[PDB]
Structures are given as C-alpha cells and as structure tokens.
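Asks:
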Amino acid sequence: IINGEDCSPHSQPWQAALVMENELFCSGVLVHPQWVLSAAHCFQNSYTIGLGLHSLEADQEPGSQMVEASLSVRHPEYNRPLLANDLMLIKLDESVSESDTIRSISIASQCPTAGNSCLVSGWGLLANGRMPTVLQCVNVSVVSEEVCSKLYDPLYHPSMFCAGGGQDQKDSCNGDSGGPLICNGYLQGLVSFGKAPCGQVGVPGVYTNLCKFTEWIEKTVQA
Ligand SMILES: NC(=[NH2+])c1ccc(N)cc1
Ligand SMILES: [Cl-]
Ligand code: NA
Ligand code: NA
Ligand code: NI
Ligand code: NI
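Residues 16 to 38, 40 to 67, 69 to 74, 74A, 75 to 125, 127 to 130, 132 to 147, 150 to 186, 186A to 186B, 187 to 203, 208 to 220, 220A, 221 to 244 in the entry's author numbering are what the sequence shown lists, from first letter to last.
Here is the structure:
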C-alpha cells in the first residue's frame, strides 16, 4: 500500500491473507462464511488462508483463524482479453466462525462512480519499497470509466475500474493483489494491477469490477 497508514487493528474484518510458509503472496476477501474471494492471478492448488490478522503472525491474534482450502473456482473468462475478469472464489474446507475480528462483507450492487472516496488495504509494498509489518489502509478515489478506458487502452475491459492516480500518490502495489477496495461499506473491487513504479500521478491502479459479477458469485457460492 503506497502512502497509507497502519489500519486500526481488526477494522477490516473481511481481510484474508493468502500465505505460504515464508511469504505472503496475495490477499483475499471473505464474502461468505465458507468462501474467500481473490484475484484469479493469485491461484494455487491449495491455500493456507489467514483471517483476523493484523500482523501476519497468527499467535499474536487470539481470534485469528488460519484455514485450509483446495477448491478454487476462477471466472471462466479470466485473462480474456489480457488481464480481464480477474476474480476467483476459494471454498474453504470448513466455514469460518464469524466474530468481532472476522466477518464477511457483501459485494457492491452499485457500480463504481467517479469521485467515490474508497478504501484499499493490504500487506503489500510500501512507498520505500519495503513490506509493512501490519495491515495498511489508504483512501483512493474512483476514476471515471471514460478516463480509465482511455488511459489503459487496449487493456481496459468492463470487468475493470480505476481508482487513485492523484498527486497524493496513494495506490496499492505488489503484494496487495486480491485485497479489498471498499466503497460505501461494500466490497467494490479487488486489487488487480497497475503500473510500476506504483503511485505515479495520473496513473491509477486497476481493480476487478465486482458489481459485474455478483450473479456469477451468487451462483458459484450457492450452488
Ligand atoms: N495498483 C498497483 N500499482 C498494483 C496492484 C497490484 C500489483 N500486483 C502491482 C501493482
Ligand atoms: Cl475521472
Ligand atoms: Na483486471
Ligand atoms: Na464494482
Ligand atoms: Ni514469516
Ligand atoms: Ni488483535
């Protein structure tokens, strides 16, 4: 997360860490007691998913739940065209027990409107190039589809939307993949991609446009 601040502990209860024995390669979002949503480029045959974390050390959180998962359902149009339809549903082995620090969030029905003040969180790269020790939070504003489409042409696809790109240089970055972008108390997008270096002025990050997939998500989860 570029130019953000430590989030208040457990203030983003839907945040999930997709981790390995040594690294953290992506985040995800709890959208149902038994399902975590993430970017399709974060795919793995199996996952160790960390919920209720602030620092990435599970023992530091009495309420943290590290859960296993091996079933992933990627959107069938992922990467067609290049980089589009960047989402995947990970079905946990067992439902998580929702608590004060762990909670699923609903997906936005309304599509992103330019100027909305939203929040993105993650454990990815900071402005100095180092990784944080705890979950980072930053506000970024949604950019119009007209600007997004022209800035990223021909990579822009309706399954994407742009946020950020201001002089404040706030942006998400490597390691924030699959993490949430929250607008109006709803999950509006997933950190998908952008340009390097992160946080260039006039270059907003790109996010998965979830308002375009609620039906597919509902169908996958429920069935
Ligand atoms: N928004 C970005 N600059 C970004 C997001 C994800 C990522 N893997 C790399 C860069
Ligand atoms: Cl705009
Ligand atoms: Na995308
Ligand atoms: Na959306
Ligand atoms: Ni470690
Ligand atoms: Ni805590």
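Don't be surprised by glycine CBs; every beta carbon is placed ideally from N, CA and C.
Quick test of your reading: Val163 and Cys201, contact by CB under 8 Å. State the CB separation rounded to the nearest angstrom.
Replies: Contact doesn't hold; Cβ gap of about 13 Å is too wide.
Asks: DSSP three-state call for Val213: helix, strand or coil?
Replies: Three-state result, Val213: strand.
Asks: Looking only at its chain, what residues have a beta carbon closer than 6 Å to the beta carbon of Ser195, apart from the 5 residues adjacent to it on each side?
Replies: Taken in chain order, the residues that qualify are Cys42, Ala55, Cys58, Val213.
Asks: Give the single residue among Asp189, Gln210, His71 whose Cα lies nearest to the Cα of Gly223.
Replies: The residue with the shortest Cα to Cα distance from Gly223 is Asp189.
Asks: What are the boundary residues of the beta strand (DSSP E) that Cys128 is part of?
Replies: Here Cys128 belongs to no beta strand (DSSP E), and DSSP marks it neither H nor E.
Asks: Tell me, which residues are paired with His48 by DSSP?
Replies: Its beta-bridge partners are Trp51.
Asks: Sort out for me which residues DSSP pairs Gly140 with in a bridge.
Replies: For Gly140, which the question treats as bridged, DSSP gives the partners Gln156.
Asks: Less than 8 Å between the C-beta atoms of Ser139 and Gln210, yes or no?
Replies: No, the pair does not count as a contact, with Cβ atoms beyond the cut-off.
Asks: Does the beta carbon of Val160 fall short of 7 Å from some heavy atom of ligand 3?
Replies: Result no, Cβ not under 7 Å from ligand 3.
Asks: Starting from the C-beta of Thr229, find all residues in its chain whose C-beta is less than 6 Å away, skip the five residues before and the five after it, and write them out in chain order.
Replies: These residues qualify, in order along the chain: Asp102, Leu103, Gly211, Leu212, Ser214.
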